[PDB]
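Just so you know, the protein sequences line up as chains A, B, C, D, E, F, G, H, I and J, in that order.
Taken in order, the first sequence gives residues 638 to 643, 647 to 668, 676 to 714, 721 to 833; the numbers are from PDB author numbering.
Residue numbering for the second sequence follows PDB author numbering, beginning at 1287 and increasing consecutively.
Taken in order, the third sequence gives residues 337 to 1081, 1092 to 1119; the numbers are from PDB author numbering.
Residue numbering for the fourth sequence follows PDB author numbering, beginning at 1 and increasing consecutively.
Residue numbering for the fifth sequence follows PDB author numbering, beginning at 1 and increasing consecutively.
Residue numbering for the sixth sequence follows PDB author numbering, beginning at 981 and increasing consecutively.
Taken in order, the seventh sequence gives residues 491 to 502, 509 to 539; the numbers are from PDB author numbering.
Residue numbering for the eighth sequence follows PDB author numbering, beginning at 2 and increasing consecutively.
Taken in order, the ninth sequence gives residues 2 to 63, 76 to 146; the numbers are from PDB author numbering.
Residue numbering for the tenth sequence follows PDB author numbering, beginning at 69 and increasing consecutively.
Using N, Cα and C, we set each Cβ at its ideal position, and we do this for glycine too.
Beneath this line is the structure, given in structure tokens, with notes to follow.
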Amino acid sequence: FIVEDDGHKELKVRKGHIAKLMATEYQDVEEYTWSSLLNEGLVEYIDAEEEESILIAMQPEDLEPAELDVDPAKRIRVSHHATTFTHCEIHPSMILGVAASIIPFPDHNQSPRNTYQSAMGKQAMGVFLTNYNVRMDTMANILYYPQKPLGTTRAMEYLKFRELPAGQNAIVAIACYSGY
Amino acid sequence: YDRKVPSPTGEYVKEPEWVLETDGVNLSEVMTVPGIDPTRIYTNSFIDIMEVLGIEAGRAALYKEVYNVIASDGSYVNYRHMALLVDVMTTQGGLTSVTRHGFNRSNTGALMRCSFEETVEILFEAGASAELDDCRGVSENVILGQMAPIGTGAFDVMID
Amino acid sequence: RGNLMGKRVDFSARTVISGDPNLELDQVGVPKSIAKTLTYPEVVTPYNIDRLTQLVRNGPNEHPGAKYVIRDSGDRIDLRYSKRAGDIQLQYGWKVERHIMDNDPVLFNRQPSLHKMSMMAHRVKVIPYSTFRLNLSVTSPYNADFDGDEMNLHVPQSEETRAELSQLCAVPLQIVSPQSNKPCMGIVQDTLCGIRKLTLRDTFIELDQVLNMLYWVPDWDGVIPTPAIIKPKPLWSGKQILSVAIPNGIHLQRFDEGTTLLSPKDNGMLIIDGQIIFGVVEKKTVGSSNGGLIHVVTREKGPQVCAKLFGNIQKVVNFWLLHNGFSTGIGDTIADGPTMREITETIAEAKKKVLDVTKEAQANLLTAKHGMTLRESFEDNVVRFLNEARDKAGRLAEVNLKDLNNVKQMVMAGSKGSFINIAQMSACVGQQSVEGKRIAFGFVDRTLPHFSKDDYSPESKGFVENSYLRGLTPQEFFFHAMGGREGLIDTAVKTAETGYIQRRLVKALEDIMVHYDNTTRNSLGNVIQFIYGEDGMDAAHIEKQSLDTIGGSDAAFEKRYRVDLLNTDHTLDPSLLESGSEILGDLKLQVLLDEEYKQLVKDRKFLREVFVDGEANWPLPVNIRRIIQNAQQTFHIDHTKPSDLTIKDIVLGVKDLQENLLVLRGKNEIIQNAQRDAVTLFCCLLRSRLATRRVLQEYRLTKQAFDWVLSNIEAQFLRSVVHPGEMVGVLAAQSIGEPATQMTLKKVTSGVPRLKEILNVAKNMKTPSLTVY
Amino acid sequence: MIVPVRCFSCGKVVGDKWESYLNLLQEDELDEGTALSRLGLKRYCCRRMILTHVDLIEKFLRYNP
Amino acid sequence: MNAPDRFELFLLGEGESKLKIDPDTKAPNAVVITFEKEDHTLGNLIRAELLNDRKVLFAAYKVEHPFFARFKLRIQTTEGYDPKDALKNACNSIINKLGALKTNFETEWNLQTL
Amino acid sequence: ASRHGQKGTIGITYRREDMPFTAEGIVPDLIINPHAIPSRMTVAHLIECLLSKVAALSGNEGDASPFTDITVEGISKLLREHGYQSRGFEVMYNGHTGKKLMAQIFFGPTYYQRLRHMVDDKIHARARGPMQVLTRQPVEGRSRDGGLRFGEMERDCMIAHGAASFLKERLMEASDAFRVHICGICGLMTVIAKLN
Amino acid sequence: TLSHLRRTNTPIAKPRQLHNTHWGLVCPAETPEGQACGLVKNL
Amino acid sequence: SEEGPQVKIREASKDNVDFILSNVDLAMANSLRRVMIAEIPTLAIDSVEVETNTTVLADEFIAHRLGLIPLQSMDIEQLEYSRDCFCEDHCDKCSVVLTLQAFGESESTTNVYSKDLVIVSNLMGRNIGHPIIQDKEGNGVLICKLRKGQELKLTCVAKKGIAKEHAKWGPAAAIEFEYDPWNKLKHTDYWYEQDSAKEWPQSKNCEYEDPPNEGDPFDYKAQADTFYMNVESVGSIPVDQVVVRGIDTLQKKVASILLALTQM
Amino acid sequence: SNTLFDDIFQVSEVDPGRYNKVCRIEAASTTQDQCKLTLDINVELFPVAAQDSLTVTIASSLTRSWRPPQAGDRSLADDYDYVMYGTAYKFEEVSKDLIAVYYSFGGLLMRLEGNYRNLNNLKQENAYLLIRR
Amino acid sequence: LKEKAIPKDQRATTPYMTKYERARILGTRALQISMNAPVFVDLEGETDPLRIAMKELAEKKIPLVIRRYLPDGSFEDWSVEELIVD
RNA sequence: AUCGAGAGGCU
Ligand SMILES: [Mg+2]
Ligand SMILES: [Zn+2]
Ligand SMILES: [Zn+2]
Ligand SMILES: [Zn+2]
């Protein structure tokens, strides 16, 4: 994202542009595309060396002005304690990889477990393609009745996971039983 | 260091004592300092201790270092095993390293040595010096496939 | 290294492993296909020719059968494709490649083979499905786990090989690990939590369940034990039932904290003659610990008794557990409200304290304590504060965890898990670390771009306040990933470095064999240790017993050991001996008492001049307390009547005993000197426990009971001698290399870095430190 | 790749309920929960079979031969 | 591949006697009965019925290994009480209970509408 | 495996009768050991079980996106709204007996993955199979009916037991045994041998 | 398939660790195990 | 009426029956719930000989899917196990032959519902082999889908079996099972955080059994004898016959014990 | 084969501890200010109130297998409300003419002090405890 | 070398049969019994040559002699009879 | 026969 003064400091994109985007997306009329944003000067490409000179926000809510009785269940986030903002990341979940974006609630797990699972999800059987009957590969495995997961990341929508799953919502019981 | 010492009454009690810890080792000189005890001083550079306090003191320093590295993880291995290792390294003149530079240069035949590191170079030096291999070594008979002189073949069996 | 030292062999097999509680220990569940494929050559004899004919008739394709036949002519016979597979005329002396049958010995192993206890003999049990099967209590020596692990099996082809498997590599023999002088095997996670729940004072089993339980133990007499409760409803306790698996004549004593003989919280453990008296059973009692049940039953009754005991425990415990249930859920990770409030209170307190320390630092008021900079001292202060806060919040959690909380129970029994696990999962997960330091400054003067420059605040360098349950924030998640990668890399390196170290040790000490004279020699005969282990004992048959001589006041020393025939107050009250009246004066006896006492004092100041620390618990080749309790239960002492032992008997029998606890048998001065130097410590322990007062005021022995004690100690010593031919070198190499494999991660080079520094002589060591007294 | 016949857990048939579902959702503009509860899919052992199923076969048809 | 044919849970084969009976050692008036090709369904019911006959001292079953369909039933009775007789009494009481239950349920369902 | 590095092999296949069951007759497709939980701190496994229950009942999607305001307390509230115990626990009876398990059990939907590692393609056996031409040793790999390597590392662990003749057998009759003739003057196998 | 299309090799214990600069560009967790861990990454 | 077990039905329907068992030992109710799943024999497909398969689905996929099709099994006990009859492979009084043939005629998608199964063998006048249809529209389960141009033609053979050998031969729809909503037996200890009561929900069966007094001590010698069940059925056999046939199978199982006992 | 001790105790201190069905009871002999006892007792079977007065008795009998009561033909030696079976594991000679006996009823322990039962209690596997109302 | 035996009286080695020589002894006797060799005990209804050799050892009727070599080249001969098993 | 890559396993 891109932030600049207004008024006070604020990022550039607004709900008007979001509505234009969802309008171009729903059409499935001047379309609104990513290239429009990049050319309109609302979103920028920051490489490694460049971000050494910027101070990024984590949530757009960080640009909200604030001057208690909070649901104690929610995790603790440090108060921003910074004003000289330049950008806001699109969404933190985007830092993850492809295979790790599959993991549900990875913000809750010892990271070695996430690493193990991101290595194994490349070994899980599933529908690797839809033309699997037509393609003649050396070795291929396909689940009889794949199921989309009940617990879904957002990024799955873009990874086409709910359309080409590789597991099943098995009813699992955590119990001692016969020691087997 | 809150060591324990005999009370004049006889039972052990903890009597705390100050101890210095350095980041350098020149023992041959720090040993001869006044105001210290030249009998208990310890240096984790057991090599300098071999050089100064004789080899057999280096034995105990080496074992103490191994014991500390084991007990770091709450572990324990019986004394005899570390003692075997330490004394094998020690039983020669001085410290024989556990590497090609050390025991592999000993006179323990050729094939027993050939099967660790620098195989062909060992074979060449042996074919030069006309090494007469004892062939009582384990790896020698294992290579030969014959029954190696081990606990089950460490003897012969015959008739009445 | 690929075709002579180790190569590929026939009669081998490999597949997945899976645990089956209903298999005995020494058993291996072999799939039926592998058994159909592997062959053992058996020679035809009049005792077997019938079984062999039938086997031939079952064919190589259906088990139990045979595959090949070898006549005297040396030309083979294939049973799959032959005119005469059915009509055979078995001639004597011929060989038959029978299938692998039940109760066969097979060499079963796991790679990596670090241990002698990783390649063990196993009795075959053929099962239908496609996996190798083995007992749970045999994971520890193999370091096995059923998440896809694989294991290997080899089959002998001659009877002497089968003998070497049955009598040396048998699984029960490898129970007491030589290294660590402890049993490597023990009760496992599920069975462990189950046995804890079962042995509670609050556990009551009713007649219906009780009868099935009693039946489950295979070698049961078939005599019900009288229940605890009778009148309102016949009820048994988990201890009462479980004591059936415990063989008669076993006595076990253990005192934890607050283990009054009343046992208010049922801590510790006391068990008498195959009956458990009191104590909640858990890891320390039944795990692979020294002084545990397995050590006792192995030393006392033997290998096979303890082997069967394993299954006899597991079966009852698995039955009860299966009919009682267990789960985890998240509710066993939720701390209630006020605990969360006080935990975030502790966190905010630590935050404000670190902020105040930093404000102090910003005014150049820090004390540059000698030997370290301002920044190093500051970092140490902050890391100390953050670990303080994490551990304090974790104890704040563990306090509030109720008893029914299944994580608290799994931890209490010692099944799996620990404190830090609870602290992180519930309270707060603490401070991540990279190369010892906190989160470094990857970017210019900041950790992450969402931070201002030069921000040393806790979260700015990775203090993960939130608990795993509460949810990790993005930056904290990233720092945690940074730490996890360091961990995985340290694993992937230490593994290879440890494999190299072990290979070098094995190749170094491969020829170190205790010869017959006990001179620990090499191939070249160069002596290494004139007495293996400096005492001539095998590493097993050695237990952690105390020396009552060392420590304790001289006053209490006298009060318990001084027996003076020439004083009305320092002499054996005739309530302690028959001849006690006619024993006063008698200089011919006080001379022997003063000899004994001078020897005991000489030995007290001897050991006290060796063990400057004064620690009394040490490994010794024969346990005494077990023999004393075996006496107190075998002969049923009344502790009221006096003994029938003249002091001459006691002291002359002890002084003659040391003459027969032989280690070496030379008839010359040097060998007998080495002998006196080999039994010295044991004889010290002996004279401590066979004190003429102790045998009569603490023990209350009879004559025959004492002679039984002497014969038993002599026998147990002579058994505990290290057996010649032991390649103790390879054993020691493995015994040091294996614990290095598990050397996981204050200011010194330690762990595998230090080990590499040590073995390879590292003149340029990283941390050369001098300690000055 | 198609609707399983019955729930693997219990065994109540579900195959005869697919086309109803797709209709109960679109023709009648219902939500998922009311639809599942309508077809006598009370327990979730069955409910997951219909809610989480993916009908790939409609993509498998497009391939011509 | 190595799996047993599924019918091997209830199809006895090659002289697989339904019931084997053996005297228990170190236990007078007691017997162990190997039930072949059976499961907990029958054994637990037999034991629960045996426990209600007063003249039966001990009655318990064990399923040795879940791979196999079989179990063992051990019974100790009073003096002058052959255990097979207690077994017969138990099974007969079971069958009479079952017939009574079937009759009651048929009556109630025929009374029941919808 | 689940989606949290919970690897696991099948040790047993139970039938629905022998399986425990809730009052609703629902039977666990899978039974996993509780002990494997706390040593890995895979809390998300249990949270996913809970959330998948809530979704399967409510008929919504499980929003497991990271960095969300999904409170376990709110998941519990939703689950209690639908008549189940708010932490995923369920009263369960043993199948063999029907006696209620005195300890209640954690139970619910959970996404699971079947992995490319399968046994019937890993089982291996050999008893005097093919021989490699170069070293007259058993060839490598089960795909060619090969033999297992009795590596030197294993030979060490074997010698620690002191089995001399077992080692001789594993190294002579189990692979590339050979009888060769040698001359008593030149101790080399250059001897012309006409055995027949 | 995707994780194989977004692979990154490195031809070279300093590098393998996660560097701060990998934020937003490379996955924190997704990487092989054992040998060559942390060298081969995923965008 | 009859002395012993007592039964009241709370509710009954074509596919499920919720009822109450009184004055019965538990182990009997357990063995009944087990038999009602496992050993009550019904009929479903055990062979499929495929003729032509142009579908996008593998052949053995379709064979599996046919296995699970529910076939009417009311008059089954007048049929015999194929392992028991003396035919070559399957007679007409040990098995029922079915056939299926559909073609991708329509440009629009051509489904294959279960109702398109055609019988061949002689029924000999017993209500057997009708693929059950519980759908509103009369179309059975969905077996496969067909594009214009694809055809499918195969021959099923259904034999008699039990859920043990394979779970397609079960009326095994979920069997609701409960007793003692109040835990008066002290059979289970309720996991709780603050209070054991307000955290767990009360069962509906709480309406029928009186709550315990706070002052009431434990009735130790109380044994559970009152159970609450709800049997569901797929449709292979109506619910009324499911429980009755299970009971009869159980009595016959004990009869086999009696007969082998007398044979001894 | 008869009784070995008899007394009456007034309840001094009852404690639930962490156990849910068992309580640690402690009392002292009535009208005798020198003999007391500790005991573990199931409260679910036999409730125990504070400051009660409970008859306490110990018998030797009234080996071979157990058997449940076939009928009333088996003559009980117990009109009491509570019965247990124990084992002697310690006889603490506390003071001069003062002894303490330690029993364990399958885990539920018992401690007894005093020196007027001396001629009776023994290191005997067999030990029965009876408690009337 | 030349007749470097050891007189039976002047013997210092362990009279106890070490488990290693015991295993080798049972192996060689089970080899004898493997082929058709004589048996010197009333085989009380057992067939496994290993259990037969173990019983043969208990009754000490196994006529074999250990030759315990000593490192210099000396060696002590020990018949089974004078060797103890424990 | 060579070489390369990917994967399995070790709280
Ligand atoms: Mg593994
Ligand atoms: Zn279902
Ligand atoms: Zn020559
Ligand atoms: Zn027929």
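Closer than 7 Å at the beta carbon, the chain E residues around residue i
i, result
"residue 558 of chain C", "24, 26, 27 and 30"
Cut-off 6 Å between Cβ atoms - residues of its own chain near residue i, not counting five sequence neighbours on either side
i, result
"residue 489 of chain C", "349, 442 and 444"
Residue i in three-state terms, based on DSSP
i, result
"residue 813 of chain C", "helix"
"residue 441 of chain C", "strand"
"residue 162 of chain H", "strand"
"residue 138 of chain H", "coil"
"residue 51 of chain H", "strand"
"residue 1090 of chain C", "No atoms are given for residue 1090 of chain C, which sits in the stretch of chain C between 1081 and 1092 that the model skips."
Of the residues the options, the one placed nearest residue i, counting alpha carbons only
i, options, result
"residue 641 of chain C", "C/584, C/437, C/377 and C/613", "C/584"
"residue 29 of chain E", "E/82, E/53 and E/70", "E/82"
"residue 655 of chain C", "E/78, E/105, E/106 and E/62", "E/62"
Cβ-based burial, residue i [other Cβ within 10 Å; buried from 16]
i, result
"residue 1382 of chain B", "buried"
"residue 953 of chain C", "exposed"
"residue 867 of chain C", "buried"
"residue 681 of chain A", "exposed"
"residue 111 of chain H", "buried"
Neighbouring residues, chain J, relative to residue i (Cβ below 7 Å)
i, result
"residue 1142 of chain F", "88"
Proximal chain B residues relative to residue i, where beta-carbon distance stays under 8 Å
i, result
"residue 865 of chain C", "1369, 1370 and 1373"
Same chain, Cβ closer than 8 Å to residue i, neighbours up to 5 away in sequence not counted
i, result
"residue 1093 of chain F", "981, 982 and 983"
"residue 129 of chain J", "108 and 109"
Interface residues of chain H facing residue i [CB-CB closer than 9 Å]
i, result
"residue 28 of chain D", "The premise fails here: residue 28 of chain D is roughly 13 Å from chain H at the closest Cβ pair, so nothing lies under 9 Å."
"residue 76 of chain E", "Near residue 76 of chain E there are no residues of chain H at all, since even the closest Cβ is about 18 Å away, more than 9 Å."
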